[PDB]
Amino acid sequence: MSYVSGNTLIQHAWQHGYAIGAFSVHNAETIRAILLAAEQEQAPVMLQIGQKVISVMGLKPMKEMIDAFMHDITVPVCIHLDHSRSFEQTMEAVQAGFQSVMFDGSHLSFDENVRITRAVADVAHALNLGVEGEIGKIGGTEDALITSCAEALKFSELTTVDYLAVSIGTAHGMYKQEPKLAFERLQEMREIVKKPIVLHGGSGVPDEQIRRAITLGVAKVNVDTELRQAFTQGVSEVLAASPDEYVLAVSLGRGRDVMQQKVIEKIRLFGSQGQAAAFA
Amino acid sequence: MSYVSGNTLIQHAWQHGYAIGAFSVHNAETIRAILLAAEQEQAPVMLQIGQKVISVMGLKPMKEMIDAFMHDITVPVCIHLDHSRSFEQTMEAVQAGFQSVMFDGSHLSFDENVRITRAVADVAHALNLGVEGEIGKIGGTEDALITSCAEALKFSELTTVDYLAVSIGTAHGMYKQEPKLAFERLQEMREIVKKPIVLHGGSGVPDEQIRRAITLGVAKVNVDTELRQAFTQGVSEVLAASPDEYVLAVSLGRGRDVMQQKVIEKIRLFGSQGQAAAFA
Amino acid sequence: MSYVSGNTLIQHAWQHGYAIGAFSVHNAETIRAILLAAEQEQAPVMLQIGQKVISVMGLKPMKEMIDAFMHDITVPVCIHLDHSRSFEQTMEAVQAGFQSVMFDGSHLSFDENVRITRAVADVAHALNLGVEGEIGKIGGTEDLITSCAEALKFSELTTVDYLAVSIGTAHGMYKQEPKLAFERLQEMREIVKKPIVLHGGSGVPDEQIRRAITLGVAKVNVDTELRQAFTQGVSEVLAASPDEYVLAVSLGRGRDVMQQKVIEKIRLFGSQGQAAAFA
Amino acid sequence: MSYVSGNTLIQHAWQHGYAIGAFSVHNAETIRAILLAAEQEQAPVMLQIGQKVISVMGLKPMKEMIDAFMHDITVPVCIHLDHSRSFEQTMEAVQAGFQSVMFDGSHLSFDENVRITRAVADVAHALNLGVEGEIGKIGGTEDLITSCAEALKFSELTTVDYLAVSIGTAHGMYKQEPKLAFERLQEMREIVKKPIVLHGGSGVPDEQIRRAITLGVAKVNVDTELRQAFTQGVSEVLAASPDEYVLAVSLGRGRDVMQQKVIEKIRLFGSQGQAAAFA
Ligand SMILES: O=C(COP(=O)(O)O)[C@@H](O)[C@H](O)[C@H](O)CS(=O)(=O)O
Ligand SMILES: O=C(COP(=O)(O)O)[C@@H](O)[C@H](O)[C@H](O)CS(=O)(=O)O
Ligand SMILES: O=C(COP(=O)(O)O)[C@@H](O)[C@H](O)[C@H](O)CS(=O)(=O)O
Ligand SMILES: O=C(COP(=O)(O)O)[C@@H](O)[C@H](O)[C@H](O)CS(=O)(=O)O
Ligand code: NA
Ligand code: NA
Ligand code: NA
Ligand code: NA
Ligand SMILES: [Zn+2]
Ligand SMILES: [Zn+2]
Ligand SMILES: [Zn+2]
Ligand SMILES: [Zn+2]
């Protein structure tokens with residue numbers, strides 16, 4: 001299997017001014033869409049297993065499903081636990097052979113966030129897998145919110161996370177108003193924190209703002225909603241036109257194909273196309 | 001894992017006048033729908049991997065996906081290769097640890113069908129997995145067709161198949177005209193062939209004809225199209241009502257739930273509910 | 001697989017006045033000897049993978065070898081990492097699916113021992129596997145006693161599930177007969193109130209083992225004496241027939257004599273028949 | 001894993017005037033000896049799992065043990081079932097993911113041998129693994145030659161990829177020096193035109209091996225001589241120190257001496273460096 005530490009991927013992206021796309025998976029077709037995109041683009045990629053799919057499918061089953069679809073894949077892949085709020089769940093992903101974990105202590109006090117994140121990072125460092133933490137809440141779309149540079153620095157130094165999620169103008173879900181990222185804040189963090197930044201709420205952010213953020217040290221861009229939209233739209237083109245089309249290979253296949261093209265588009269936006277060669 | 005030879009399942013069904021449902025799988029949600037149904041019904045079940053899903057997902061990946069979803073399953077499960085027209089493909093399923101295989105030589109001459117089916121059966125017998133063969137073409141829905149008792153007997157004795165697919169009034173797909181099964185022919189085969197019969201084209205056959213066929217020795221009923229219809233209808237209830245519902249857990253979840261209820265209905269039709277206790 | 005948390009095994013032993021034998025494995029035959037013994041005795045067992053076998057065979061290979069021999073085994077089995085002096089190595093055992101780990105910080109300062117042992121314990125608790133730590137050096141026989149207060153403090157700060165302490169044993173063939181610190185064990189039974197692990201279990205007189213178990217020893221580590229038994233079995237064959245090249249015969253005999261030693265230890269420990277308690 | 005069809009290995013050897021060594025495994029140390037040898041020599045190798053080790057350790061466990069030791073191996077490896085006299089057992093090896101099988105019908109009538117061997121070969125061809133059959137009994141040394149016409153007929157009716165024939169070898173330690181039937185091998189090279197398997201390869205003089213390989217022997221089976229080497233290594237340690245209980249030392253030495261024997265056989269066979277041809 002071509003599985004690689006998320007730290008190896010993110011640091012290479014960070015050092016060369018591109019980003020790794022971190023694409024949320026939900027089932028078989030979504031896994032295949034992402035992997036086929038990465039393989040086509042000769043790009044390293046992260047597949048994110050988050051809280052919702054863990055509640056529906058289970059953590060270990062989703063890991064095993066990825067494994068089952070890796071047989072023909074040659075590009076660097078990293079399975080990443082997204083938005084974990086439990087030390088136990090994060091350790092379960094470690095035990096199941098994930099290449100990256102996010103412990104999201106962002107709803108905890110500063111001190112508790114630090115304590116658990118550091119514990120998770122010490123395990124990740126020991127086993128050469130990536131660790132992500134978050135300082136500052138990032139909510140849903142449905143000035144004060146922005147993470148300070150000093151807070152990011154202190155959190156970063158106390159936890160030793162490999163890559164850091166901060167609050168910089170994004171939110172999860174379909175954007176009601178177009179977001180405007182805190183570019184000055186990203187630049188400060190690049191100079192002072194000096195760690196790869198993770199952009200949460202990557203779906204629906206204008207392309208130009210993504211490209212700029214990446215030049216300022218965003219090295220991981222999380223995308224979920226926009227892929228689910230693409231998948232759903234592909235399914236709809238089929239079932240709306242032919243409600244009695246019962247061949248799942250056709251209806252879900254189209255969802256898969258449309259999602260694949262979205263993932264290709266994101267890989268290219270992020271600058272990660274061709275970068276598989278850097279890891280061979 | 002609670003995996004059991006398809007021969008053990010089918011013979012028990014045959015000996016006690018019920019049938020094992022053989023439910024075609026296509027992806028993660030369809031697997032889960034079938035397994036959750038079987039577990040709820042305390043029923044033995046077959047999961048069929050056929051030609052279409054092998055072309056989309058691959059043979060080994062689908063096997064591995066089933067494995068990944070078996071963690072919480074206690075009822076007897078048998079993974080079955082459906083409609084294989086290649087000795088190689090059938091041997092690949094054997095190598096991948098299937099519990100049952102169908103080599104479908106029905107488009108070959110009688111002698112070639114016999115030759116390859118026998119070869120497949122000798123391997124199946126050696127490894128204690130189920131083997132299914134077919135004599136007589138069963139086409140699509142879109143007197144002469146009916147398999148003779150003598151042909152079924154000769155094929156059966158030359159091949160040593162464990163369970164036998166024959167042409168008895170069904171066809172694959174959505175029925176244009178309601179089918180009428182060849183009940184007299186089934187009764188002859190029960191008395192003379194004396195092997196469990198497999199009913200292909202089980203989707204959309206009237207319940208009463210299914211129940212009667214089972215009393216005449218049909219012990220495996222294959223169902224695919226009707227489950228795909230149920231899955232598709234569940235997805236449609238969601239996406240038609242809310243085209244912008246992008247939570248796959250909701251849209252595909254509903255497909256999964258509606259398919260699960262169809263599978264429950266089929267298990268009960270077939271008489272296999274509660275029969276897990278017979279194998280504990 | 002019939003794999004069980006080391007904590008489940010040890011707590012049950014501790015509550016019921018018996019001990020789990022923790023038998024060191026080295027290769028295929030030694031694994032099978034221990035498993036065949038446990039199955040015969042219907043006993044829960046720990047198989048210990050320690051530093052020596054990790055250097056020779058590798059951590060993950062030895063884990064996978066145990067897995068390969070578990071096909072016909074029904075009794076509770078716990079794979080346990082022995083004498084780990086590295087957080088990394090201990091995390092590797094966790095990642096490879098061990099059911100128990102010992103982080104042995106006994107060569108570190110009290111504070112460092114506590115710090116790393118606690119980190120290890122938090123991971124073990126999260127994943128429902130056993131954690132063992134050690135306070136007090138336990139050396140070799142070729143070459144003292146842990147205080148009750150130190151054992152208590154270490155135990156409460158680390159949250160280990162079972163605790164190795166220095167109570168008069170040593171690793172290796174004993175030159176002189178050991179005498180266990182029974183008074184100290186008894187204090188610990190009342191004050192520390194955790195299952196105790198006895199290191200250096202090889203060659204300890206049976207009656208001292210039985211008494212130690214009543215005072216709260218719930219895990220007894222045995223390695224040298226099994227390797228002696230294995231080596232003696234091989235010798236009976238090769239000394240008698242130097243040209244006996246059938247390994248099934250020479251190493252088979254090592255395996256059989258080792259199996260009987262393991263049976264003897266299981267029965268000494270009181271763990272025979274106890275598989276029933278965990279079904 | 002660097003696992004390769006036995007047919008790919010043997011055909012390449014046959015085409016290039018060398019042979020693949022087929023080394024019998026018995027346990028962890030013997031597996032590692034063979035693999036470490038192959039890796040050192042950058043040689044393709046077969047590891048043979050035969051009847052004895054199946055009775056002691058089990059077919060699937062030995063397969064899984066090899067898997068566990070392949071983590072650091074880069075050279076072509078083929079796991080091969082040796083001396084199977086059962087269609088069921090041969091199918092079990094196929095199901096467990098072996099890269100080559102021998103169905104040995106040599107104690108059956110010609111017709112039965114053909115029937116079962118052909119059935120086995122059809123499965124092997126379907127799954128791209130090697131198939132070996134045998135025509136002519138090959139016995140033991142403690143206790144003849146296959147005709148060219150019989151070898152041809154058997155070969156054409158079974159479609160085996162490589163063929164074991166009776167050409168003057170026997171299993172075990174040779175009492176008297178063997179003399180291979182070189183004239184008969186040479187006939188077969190021109191007429192049968194299939195890679196030949198040499199059973200009873202232990203103790204065959206080096207020069208006779210080299211000549212046999214030029215006449216189309218492309219697989220040489222070696223077991224007894226490796227078990228001798230392993231046993232001699234163990235003896236050097238236990239005879240000198242009966243109380244040496246460190247298995248890493250006693251069995252380690254067996255492993256080291258066996259490794260050197262395997263290196264010697266690889267080089268004899270001409271397979272050193274040949275890993276390059278398959279990358
Ligand atoms: O931060 C993210 C990007 O968000 P958008 O795609 O909406 O822009 C992801 O990492 C999601 O937050 C994730 O879907 C929630 S769960 O853990 O998967 O349940
Ligand atoms: O015989 C069957 C029942 O048919 P219906 O469900 O239409 O009534 C199945 O066994 C199918 O024939 C199968 O879907 C084709 S493939 O091999 O899966 O591609
Ligand atoms: O403590 C033990 C008992 O010692 P005895 O058998 O001599 O009485 C074991 O747990 C050993 O200490 C172990 O062999 C060392 S290593 O880690 O396996 O290298
Ligand atoms: O043919 C062989 C070479 O014999 P020598 O090493 O004595 O020369 C091997 O293939 C053996 O025949 C094998 O040990 C028997 S078993 O099947 O492993 O029990
Ligand atoms: Na968003
Ligand atoms: Na139908
Ligand atoms: Na000792
Ligand atoms: Na010989
Ligand atoms: Zn997020
Ligand atoms: Zn059909
Ligand atoms: Zn010790
Ligand atoms: Zn032989």
Side-chain angles (χ1 to χ4, degrees), chain A residues 4-25 33-35 37-48 50 75-83 99-102 129-134 138 147 152 156 161-172 179 181-183 185-191 193-207 209-227 260-279:
Chain A
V4 180
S5 169
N7 189 67
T8 304
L9 296 190
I10 298 309
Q11 294 306 325
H12 186 280
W14 192 62
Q15 287 291 325
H16 295 92
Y18 74 87
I20 306 297
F23 300 118
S24 294
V25 293
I34 294 155
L35 292 177
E39 186 74 22
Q40 191 181 315
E41 291 307 289
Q42 283 302 118
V45 70
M46 282 178 163
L47 281 60
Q48 303 198 121
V75 294
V77 172
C78 164
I79 305 173
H80 168 83
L81 181 65
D82 194 18
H83 294 137
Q99 291 80 29
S100 176
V101 294
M102 178 196 194
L129 57 103
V131 52
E132 183 177 316
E134 187 165 317
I138 303 168
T147 299
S156 170
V161 292
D162 296 325
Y163 24 104
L164 179 65
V166 295
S167 177
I168 36 54
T170 62
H172 301 102
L181 298 188
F183 292 114
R185 189 52 53 72
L186 278 175
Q187 173 79 278
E188 293 173 8
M189 281 171 185
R190 174 176 168 235
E191 298 303 279
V193 176
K194 301 186 217 270
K195 283 197 174 154
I197 298 300
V198 184
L199 190 71
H200 285 241
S203 297
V205 181
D207 290 0
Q209 288 196 58
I210 290 294
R211 293 184 200 286
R212 185 173 178 198
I214 293 171
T215 68
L216 296 177
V218 167
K220 178 177 174 280
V221 182
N222 290 11
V223 182
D224 180 22
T225 311
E226 196 168 345
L227 311 181
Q260 184 177 334
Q261 286 312 303
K262 180 56 57 177
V263 171
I264 287 166
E265 164 191 336
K266 293 307 184 170
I267 289 173
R268 302 173 64 118
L269 178 61
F270 296 161
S272 44
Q273 71 271 50
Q275 293 289 345
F279 303 80

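Basis for what follows: all heavy atoms, side chains included, without hydrogens, waters or symmetry-related copies. Residue numbers begin at 1 in each chain, while the letters A, B, ... track the order of the sequences.
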Quiz item: Backbone N or O of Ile10(A) within a donor-acceptor pair of the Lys220(A) side chain at under 3.5 Å?
Solution: no
Self-check item: Flag, side chain of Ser100(A) to backbone of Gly6(A), donor-acceptor distance under 3.5 Å
Solution: no
Practice problem: Could you tell me whether the side chain of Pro179(A) reaches within less than 4.5 Å of the side chain of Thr170(A), counting heavy atoms only? | Solution: no
Using the test side chain to side chain contact (heavy atoms under 4.5 Å, CB included), find all partners of [X] that sit at least two apart in sequence or belong to another chain.
X	value
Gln261(A)	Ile264(A)
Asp82(A)	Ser24(A), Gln48(A), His80(A), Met102(A), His200(A), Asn222(A)
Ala13(A)	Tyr18(A), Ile20(A), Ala219(A)
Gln273(A)	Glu41(A), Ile267(A), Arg268(A)

Who are the side-chain hydrogen bond (donor to acceptor under 3.5 Å, both in side chains) partners of [X], not counting sequence neighbours?
X	result
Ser5(A)	none
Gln260(A)	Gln40(A)
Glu265(A)	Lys262(A)
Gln42(A)	none

Quiz item: Without hydrogens or angle criteria, can the side chains of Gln209(A) and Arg212(A) be said to hold a donor-acceptor pair below 3.5 Å?
Solution: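 No.
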